[PDB]
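Here's the letter readout for the chains.
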Amino acid sequence: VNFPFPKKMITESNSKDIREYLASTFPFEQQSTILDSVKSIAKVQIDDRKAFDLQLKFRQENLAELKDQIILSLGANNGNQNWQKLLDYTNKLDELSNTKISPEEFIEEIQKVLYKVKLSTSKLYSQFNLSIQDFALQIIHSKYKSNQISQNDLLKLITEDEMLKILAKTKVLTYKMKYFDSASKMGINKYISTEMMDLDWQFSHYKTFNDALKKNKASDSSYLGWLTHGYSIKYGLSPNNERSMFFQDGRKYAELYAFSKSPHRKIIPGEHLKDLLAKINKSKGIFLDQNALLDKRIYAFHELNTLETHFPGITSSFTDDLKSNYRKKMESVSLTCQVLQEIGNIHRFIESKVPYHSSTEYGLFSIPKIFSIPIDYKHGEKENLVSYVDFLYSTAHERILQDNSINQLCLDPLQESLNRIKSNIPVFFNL
Amino acid sequence: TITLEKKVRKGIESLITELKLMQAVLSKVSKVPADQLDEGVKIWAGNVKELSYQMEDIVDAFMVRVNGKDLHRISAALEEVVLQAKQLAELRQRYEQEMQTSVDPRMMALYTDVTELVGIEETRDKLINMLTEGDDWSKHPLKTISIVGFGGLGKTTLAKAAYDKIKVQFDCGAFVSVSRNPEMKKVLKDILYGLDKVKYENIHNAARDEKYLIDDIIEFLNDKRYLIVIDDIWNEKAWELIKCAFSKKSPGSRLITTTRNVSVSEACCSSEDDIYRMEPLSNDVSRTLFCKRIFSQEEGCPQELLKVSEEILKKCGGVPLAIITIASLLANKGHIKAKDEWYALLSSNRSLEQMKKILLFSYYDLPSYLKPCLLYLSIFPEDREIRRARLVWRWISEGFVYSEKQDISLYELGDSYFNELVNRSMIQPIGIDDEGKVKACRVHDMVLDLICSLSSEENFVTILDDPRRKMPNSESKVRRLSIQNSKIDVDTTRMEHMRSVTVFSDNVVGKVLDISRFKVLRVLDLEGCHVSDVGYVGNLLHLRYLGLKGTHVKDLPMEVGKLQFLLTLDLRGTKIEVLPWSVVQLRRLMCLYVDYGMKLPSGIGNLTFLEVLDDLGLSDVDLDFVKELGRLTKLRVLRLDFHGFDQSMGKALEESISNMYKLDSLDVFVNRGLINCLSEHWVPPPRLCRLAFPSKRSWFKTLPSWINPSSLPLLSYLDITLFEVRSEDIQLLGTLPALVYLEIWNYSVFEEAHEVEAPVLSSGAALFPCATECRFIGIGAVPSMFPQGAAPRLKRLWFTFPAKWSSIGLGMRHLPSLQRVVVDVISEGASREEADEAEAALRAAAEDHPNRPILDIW
Amino acid sequence: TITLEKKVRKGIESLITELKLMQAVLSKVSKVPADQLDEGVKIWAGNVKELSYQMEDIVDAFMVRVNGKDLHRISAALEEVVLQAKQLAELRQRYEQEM
Amino acid sequence: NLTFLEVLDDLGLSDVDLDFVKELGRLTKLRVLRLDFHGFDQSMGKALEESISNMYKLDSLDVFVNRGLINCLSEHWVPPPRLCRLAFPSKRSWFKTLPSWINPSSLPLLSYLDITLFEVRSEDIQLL
Ligand SMILES: Nc1ncnc2c1ncn2[C@@H]1O[C@H](COP(=O)(O)OP(=O)(O)OP(=O)(O)O)[C@@H](O)[C@H]1O
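## Describing the interface of chain B and chain C
Working step 1: Taken together, the contact pairs 15 residues of chain B with 21 residues of chain C.
Working step 2: Per-residue buried area on chain B facing chain C is highest for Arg94, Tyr95 and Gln97 of chain B; these three make up 44% of the total on that side.
Working step 3: For the pair chain B and chain C, the interface holds 2 salt bridges.
Working step 4: Between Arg94 of chain B and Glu18 of chain C there is a salt bridge; the shortest N-O distance is 2.8 Å.
Working step 5: Counting every contact that joins chain B to chain C gives 8 residue pairs in polar contact.
Working step 6: Among the elements that make up the side of chain B that touches chain C, the one with the highest residue count is helix 3 (residues 68-94) of chain B (5 residues).

So this is what it looks like as structure tokens:
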């Protein structure tokens, strides 16, 4: 049996309740929602100063907790991995985090720590290393938001090559390490786009940097996107099993940039532009045939989406686009990935409602137990959650186009998710 | 065991001499057309060919493997092959007994009715205008036109049409045809008899030498206007001699020549504007000719035949000869054939014999050392295109390329062979390589069928398709194999003497066949297949070409060091990361393709003879490596990456580069920043001809000082991105002699916030001799750039124009040869009312030009 | 017995080539009208025809029957027919005069 | 097992089981065929017509039937493409109206025909 889709048109009345509910409960504060796209759900009234000092406390607690674990991990280790070195790293971490200093000193020490963590025995050892890096750049983001650092120096810090080659690595690896098992058990991992990574409260800071580059140098923003997608393919979020045509190679970004500055190159292409466009048309064709396998179509969609979002107009060929009408299809799949990510967020949040779930369900050091959002069912929650999921599915059901050639990638994931969610909502609602 | 060695040496020398003699005989035989050989000589020649193969194999085995067992096997094989040679000689001597001429098949075409030609009017009138061209054409000096193309294209038909049309406006004329092996007396007598049938009526019986005939022709043409057509010229000496009769000056006279060879046409005409290149018919014209030829009166094709008709017309290619012959084949004047019979013909008589005999003239005319190089093209599939570098390296590996001079490189010999094949109009070139040469080539389909039949009749190549071209019925000795349909299964237990294997299948069954049993291989080509790992590549000991491109190979066996003969090693698109160390010990190696993500071992200096090196890593490398780089002295192509390479040691690198005397192309790729190598006072190599920095985000500072036209006398390509361009920088580029292509970027305009500045050129004329393209991306000015008329060869211009400068003139009459202009406008400073103003203004400025180039504002 | 098999194969291949050559010669001869041939060529051609018949029979016997006795008979016949061919060749060479 | 059979004349086709009529479908390069239908039981004609449709190269075909209505070569048969001669010399065993597969698309080649129908229509000569 398939549960039928909810059919509601969005009302400002329940909009008020759902809005203050999202603005009040902790995890939904720092995240934004797709529903902001709706006509009339306005009246947010949010201030970020409180959320900011909350993030300060969260970072302090998490660094303290991992340090607590580091001492005892040094106590009884299976092959000494120089854990006191990572301890010194978290020492200078807390040092830089607590005091106010001159901007130059912060630059020097941040660069030093980051460049020396750059250079395999244990796995949670590497996890601790990755968390060190993530906390360091989170400190960077907070410090910038704390108005203690200008814009000029922040750019001079971030735009240099090594920092660009690190942002993407961390942004992909931490997300994988934190959400891959959840995505696998939920069965949506096949729909994970690097484009929508910075929509979780766990990766809001990245987003900041992103618009910062959209502030000043779009070239570096597009370069960062083309870098992070390649790094995602490398570490096995999307296996193609043979090779990528245009993502791991340095001489491809040069051609893309050259086209981006003078577009007429597309009309009179060189050889490298020629085989680029040939591969693009081939991947397009693969994406637009319904009885090819699902994984190939998903991979092709991801590649084409990254190319179109970062280098606009390169994938466009006027005539055949109308006969195929794949543009709206792309938009539909993107909408599907966004809504699926949010549904996974809600499913993870449900675990906070379990009477016995002191253990965090988001990842290592996602939440310090000093806050440890409780089991206390509130007045609104039991209604607001079901209302929010119904509104999500209703808002989604409209913009999606319906055709069995495209139905395979957007309709059935939503249908299966609605089924799983409608099945597991009650059993958790009892106990 | 000493006498064993000496006896074997003597036997080998004898074999070498015998091989020379056999090749002489075979080359002599292979010139006669098949209609004049008798069966005895043909059979004997086939057997001689087989013996030649065996003796070559024995000689090669001795050269490679040189112990007791080897010498014993070699002595046994030597004795056996000598015995077989004697036996065949006696056999031929046993049954030897000593015991008219046809006409050229192209002669009948001159008597074809005129109402059966489809699309001549346009080309006929274009040629006529190319002849007269004006009102006072009867007062200009003598002019010569030439027509080139492949056979069966319709050259003599067009010449005949124009001649019959305009012969009235002259005094005397003639229409002569020269064959392949001409007699000059006959040609001169033909001209004389054509000029006046009454006076020189018996001229064909006179017996004088050429000087007196030429004098007669000169005396008769005094004070006359003449129009003369000379047809089917096949080489240069003929024209060099016939040109003497038209030595005097005669205002208003015209000559036309038709030929298949391009150099001959360049030698006939003076300017390259007096060359007409025949091109095939369009699709509609071809279809009407087809219909008219067969459905003659109805001209209505039934529907079931439409798609087979379209595929057949695509296979013909717009060549009238093929269209006519296939239409006569399908007509079957009694009855149109059935649809399934059309399909059978598509998948697979007098007219057909005539067409084959006509097309084979270009094959029987090649020099003897070019015939194998052509047949080798029958290995590749039908409609795809072939990389030329692949061809050249495989020709060198097979042994078709050799010379005795001491100072010659085989790579440029092979390139010359390829260019000669293109010159005779037997190959269509396509694209431009990344080293300034042709990229790929295509072959017509009927030519491909002819080549396949020719090469099959001699066991040159065996193709494996399942529907057609199955295994030969009775053949135990196959030398070259080509797998195209993986459906078939292969025996490969009788194919002891293989030489070359090639797989064209994406299929898994393609990797099924066993290879380690071909103990004598020279060419292994698995490009594109999905093989995963090859540990058996060692133990082959004979390879010359190892092509593994686009395969799923992760790592190489550390035994490749045994392949002491290995010319080419191609690793691109594979999954390898670190090359095995023993690679250093491949002393004979001439070409190394590799990705920049692969680690090379240390002692790379030992690989002398390297002529091509592609995509050096240059990252995480010490100094002795960059110093070793200076030992590869005969190296003609280089590509670098500068990825992790530390820019503190660039001086050693530039010295090592300056050490290479012979060198043509060079790349430097840099991610970002300022390039910290190739400093001034560098003394680049003299023969450099192509230079490129495709980075586009790593700038130079002002300009390298070594760009003066004295240090780089030869240069036909350049691609640079400067930080800030001056006005007297384009001047230095004007100083360069050749500089065919040019492309400059201004880094400050895009990445920084600087504004477009108008450059001004001054103090000179003829600034850009031989500049056919120029792309000043980031800096633009039409008039002030080119004063007095300079660069009278430009054809494509790229420049930028701010809308601010709406109020400099866009006059395009400085430059005659303009054909295309691409512009981009900056509109933020000026309002839209100035924007569309400037748009319409430059549009009109383009419209006034007589050539009327095309615009793009973007 | 391995050696015998190898030898018989070689002999048979040689016979096949020789048969091709003989048929070429005979076809070339049989075009001339009888008034332009001379007697020497005519007689030699008759004898060549007979030898061709014998060699065809030997090849066919090998193809059908292929053991010891058979291979022995085939080797004997092979040697004899080769000898006869050589003898006829010498005979023709002995009395050839161009005039 | 007798592949390479190019000509087969006057098959018995009487007192025969099905595997025989199925084997008949293996002779692929067979250009002439003649049948007798004497004691052959007309319940298995479908297997026979499939086996016949399996022979791609084929020129001539006969079917001889003593009496009655011919219960083989039913419609939707897809005759071989190259057929050029067809004959039923019975003269006392009729077809019904007409085989449907006589359209000029299925038999582009045909230079001979000999049929005895039960009742001829007026728009039967049209198809011819
Ligand atoms: N426009 C046309 N319409 C119909 N038939 C044509 C046309 N052009 C050429 N042909 C036919 O093509 C055949 C061969 O053309 P032609 O011999 O003139 O080519 P060519 O260039 O002289 O060939 P080659 O180089 O071998 O001399 C002629 O029989 C002619 O009838």
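Resuming the write-up.
## Let's talk about the interface of chain A and chain B
Working step 1: Contacts between chain A and chain B engage 24 residues on the former and 28 residues on the latter.
Working step 2: Together, the buried faces of chain A and chain B total about 2,100 Å²; carbon and sulfur atoms form 53% of this surface.
Working step 3: The largest per-residue losses of area from chain A upon contact with chain B belong to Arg251, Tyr257 and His264 of chain A, which jointly make up 31% of the total buried on that side.
Working step 4: The interface formed by chain A and chain B holds 4 salt bridges in total.
Working step 5: Residues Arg697 of chain B and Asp220 of chain A are paired through a salt bridge, measuring 3.3 Å at the closest nitrogen-oxygen approach.
Working step 6: The interface formed by chain A and chain B includes 8 residue pairs in polar contact.
Working step 7: Secondary structure elements with two or more residues in the side of chain A that touches chain B: helix 8 (161-186), helix 10 (218-234) and helix 11 (250-261) of chain A.

## Regarding the nonpolar core
Working step 1: If you look at the biggest cluster of nonpolar residues, it comprises 107 residues, and the most contacted ones within it are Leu521, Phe642, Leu653 and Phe768 of chain B.
Working step 2: With 3 residues, strand 22 (residues 796-802) of chain B is the single largest residue contributor to this core.
Working step 3: Filtering out sequence-adjacent residues up to four positions away, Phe642 of chain B remains in contact with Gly617, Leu618, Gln647, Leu653, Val668, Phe669, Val670, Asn671 and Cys677 of chain B.
Working step 4: With 105 residues, the next largest nonpolar core counts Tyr144, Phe209, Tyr257 and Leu385 of chain A among its residues.

## Some thoughts on a positive patch on the surface
All names here are of chain B.
Working step 1: Taken together, the side chains of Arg65, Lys69, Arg73 and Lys519 define a basic patch exposed on the protein surface.
Working step 2: Summarising the element assignment, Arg73 is placed in helix 3.
Working step 3: On the accessibility criterion, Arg73 (64% relative accessible area) is exposed.

## Section: empty space enclosed by the protein
Residues and elements named next belong to chain A.
Working step 1: Each pocket or cavity is described by its volume, and for the largest cavity that value is around 390 Å³.
Working step 2: Around the largest cavity, the lining comprises 22 residues; the ones closest to its centre are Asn62, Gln138, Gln202, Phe365 and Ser366.
Working step 3: For the lining of the largest cavity, the elements supplying multiple residues, two or more each, are helix 2 (26-30), helix 3 (48-75), helix 6 (123-145), helix 8 and helix 9 (204-216).
Working step 4: Top element by residues in the lining of the largest cavity is helix 6. It accounts for 5 residues.
Working step 5: Grouping the amino acids of the lining of the largest cavity by side-chain chemistry returns 8 nonpolar, 11 polar and 3 charged.
Working step 6: As for the second largest cavity, its lining consists of 21 residues, of which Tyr175, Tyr179, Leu340, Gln341 and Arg348 are closest to the centre.

Basis of the calculations
- Residues numbered from 1 in each chain as written, not as in the entry; some residues may be left out.
- Chains lettered and ligands numbered in written order.
- Part of a larger assembly, values for the part shown.
- Heavy atoms only, no water.
- Residues with missing side-chain atoms left out of burial classes, pairs and counts.
- Contact = heavy atoms within 4.5 Å.
- Buried area = accessible area lost by both parts, 1.4 Å probe.
- Salt bridge = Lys/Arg side-chain N within 4 Å of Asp/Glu carboxyl O.
- Polar contact = N/O pair within 3.5 Å; in protein donor to acceptor, adjacent residues only side chain to side chain.
- Helix = DSSP H or I, 4+ residues; strand = E, 2+ residues; numbered from the N terminus.
- Core = buried A, V, L, I, M, F, W, Y, C linked by side-chain atoms within 4.5 Å.
- Buried < 20%, exposed > 50% of the residue type's maximum accessible area, 1.4 Å probe, protein only.
- Patch = residues over 30% accessible without salt bridge, like charges linked within 9 Å, V, L, I, M, F, W, Y side chains within 5 Å.
- Areas by Shrake-Rupley, 256 points an atom, 1.4 Å probe, with all protein chains shown as cover.
- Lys, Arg positive; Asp, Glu negative; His and termini not counted.
- Charge placed at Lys NZ, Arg CZ, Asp CG, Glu CD.
- 1 Å grid on protein atoms, 1.4 Å probe; cavity = no way out; pocket = protein on both sides within 12 Å on 5 of 7 lines; lining within 4 Å.
- Points joined across faces, edges and corners; volume = space filled by probe spheres on them.
- Nonpolar A, V, L, I, M, F, W, Y, C, P; charged D, E, K, R; others polar.

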